[PDB]
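*Asks:* Mapping to the deposited numbering: the sequence shown position 80 is 83, numbers consecutive.
For every residue, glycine included, the Cβ atom is placed at its ideal position computed from N, Cα and C.
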Amino acid sequence: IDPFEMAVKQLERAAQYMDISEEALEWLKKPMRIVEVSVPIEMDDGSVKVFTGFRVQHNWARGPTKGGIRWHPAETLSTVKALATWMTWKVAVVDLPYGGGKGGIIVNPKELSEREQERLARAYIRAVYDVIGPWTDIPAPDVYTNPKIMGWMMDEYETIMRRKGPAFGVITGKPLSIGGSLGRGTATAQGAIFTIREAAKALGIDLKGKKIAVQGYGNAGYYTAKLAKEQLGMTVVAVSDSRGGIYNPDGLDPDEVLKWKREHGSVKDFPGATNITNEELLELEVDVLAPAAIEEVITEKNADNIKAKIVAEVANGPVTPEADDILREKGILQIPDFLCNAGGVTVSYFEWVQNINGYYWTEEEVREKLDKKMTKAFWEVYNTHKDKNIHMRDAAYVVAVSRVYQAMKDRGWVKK
Ligand SMILES: NC(=O)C1=CN([C@@H]2O[C@H](COP(=O)(O)OP(=O)(O)OC[C@H]3O[C@@H](n4cnc5c(N)ncnc54)[C@H](OP(=O)(O)O)[C@@H]3O)[C@@H](O)[C@H]2O)C=CC1
Ligand SMILES: O=C(O)CCC(=O)C(=O)O
């Protein structure tokens, strides 16, 4: 299934719930600029290898485009286009002055040296310099890409630009020593926690002493469980990893679980906790369920058996549309995927603002601003949810597309 057509059909379904002109829909169905470049690097053996690089700028009506760079051997142009289109709505739903962008290189970085990786980053910057900038396109870390590559890319951009502007702001996710921002590591989990708290407030239930189950125990899952336990005061009763999962009705300590995961390679066989399966964790009777793992964990097969009141989609699309219908009929409030995990891009926006201004904030200021942004975005989505009597995902899509459409109309791009 083409990832581009899928995004287009998603956009058409969103447009079905709102009044949008056909010309605007056709404009939004096509990326405004796609750049495909050859990335030649010198290998350690002395030969010269050429890679394929992409940089798709879907739409920049609201401002400079934003999006990460992927280094995956299976990366395709359609994937970049779909992810840029997705990023447009992600930055629109949280009200950032940003557009949609995405980049990628068809490369297997598992078999590249550090010097070869640096050469790849610098050559990619040299290839795509003409379409990126602090006010044109801001790349970001993504799968198989880390802040080290961001530092290399920023250095190359600064070298090419001859320091004629804010070279720090050309890219986000940089190391703290060079234009980095505080709060980047726990951005996604913090945004998810804020959305969960706002959802609980909307449903009129307090989270003090409640039960939360988290699927996937990576950076997002671990920090979600932790931040829940401290800030929200909830009782983490179950966590899981690809290998397996564990359950304990008396609660779990996220630090100890992470220590055991980092020692034995998995969260399995934790003391005082019985080993369970991922599906058993999904169907556990809790108050908040936060899948932070591979996608399509909630489908038509198991959607009816879910007992959680709040499902926070920390990961990317862990629920299939039939499962959305089943859960909405069940009365379970869902937080849309690109609204729950919008903390990372918000924190990225904050880093760009700090770089542009030349003044850097503390952890408390970043946390407070992220709280405001997430609270406002969630309440807007929930108000659309109740007013239009549609699904939460549908409301988030309506809000994002409405913002982009208004920006497009104000510029005069579309006359209707
Ligand atoms: N990476 C980011 O910055 C952000 C990520 N997201 C989305 O969130 C999710 C998680 O992000 P991230 O923290 O980077 O993930 P990680 O790569 O850091 O870790 C993956 C975690 O999920 C587990 N996992 C992988 N497959 C399964 C599975 N089939 N069943 C159960 N657990 C599984 C892994 O287990 P194990 O420890 O055994 O490997 C691990 O615990 C992704 O879907 C991602 O797209 C969006 C927000 C930003
Ligand atoms: O953080 C960014 O600017 C983009 C990264 C991304 O693609 C995401 O957060 O989903």
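#1: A398 and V407 - do their beta-carbons sit closer together than 8 Å?
#2: In its own chain, which residues sit with a C-beta less than 7 Å from the C-beta of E161, not counting the 5 before and 5 after it?
#3: What span of residues does the alpha helix (DSSP H) with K52 cover, start to end?
#4: Does the beta carbon of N319 fall short of 7 Å from some heavy atom of ligand 1?
#5: Would you grab the beta carbon distance between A315 and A293 for me? Rounded to a whole angstrom, and I think it's under 8 Å.
#6: Of the residues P150, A17, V11 and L123, which one's Cα is nearest the Cα of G71?
#7: Within the chosen definition, does the region 115–126 reach the region 36–55 through at least 3 CB pairs nearer than 8 Å?
#8: Compute the Euclidean distance between the alpha carbons of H394 and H388, then round it to the nearest angstrom.
#9: CB-CB under 6 Å to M164, same chain, minus the five flanking residues each way: which ones, in chain order?
#10: Taking the alpha-carbon positions, what's the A306 to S81 distance?
#11: Can you tell me the Cβ-Cβ gap for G107 and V83, rounded? I've got them flagged as a contact below 8 Å.
#12: Grouping DSSP H, G and I as helix and E and B as strand, with all else coil, what is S351?
#13: Going by CA-CA distance only, name the one from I215, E286 and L285 that's closest to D256.
#14: Can you have a look at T191 and say buried or exposed, based on whether 16 or more other CB atoms are within 10 angstroms of its CB?
#15: Looking at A295 and ligand 2, is the gap between the Cβ and the nearest heavy atom below 7 Å?
#16: For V51 and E117, what's the separation of their Cα atoms in angstroms?
#17: Does ligand 1 have a heavy atom nearer than 7 Å to the CB of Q337?
#18: Who are the Cβ neighbours of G347 in its own chain at under 6 Å, not counting the five residues just before and after it?
#19: Can you find a heavy atom of ligand 2 that lies under 7 Å from the Cβ of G221?
#20: Are at least three pairs of beta-carbons, each pair with one atom in the region 323–343 and one in the region 219–230, less than 8 Å apart?
#21: What's the C-alpha gap between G176 and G154?
*Replies:* The short version:
#1: no
#2: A170
#3: Premise fails: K52 lies in the beta strand (DSSP E), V51 to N62, not in any alpha helix (DSSP H).
#4: yes
#5: 4 Å
#6: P150
#7: yes
#8: 6 Å
#9: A170
#10: 30 Å
#11: 5 Å
#12: helix
#13: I215
#14: buried
#15: no
#16: 16 Å
#17: no
#18: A190 and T191
#19: no
#20: no
#21: 8 Å
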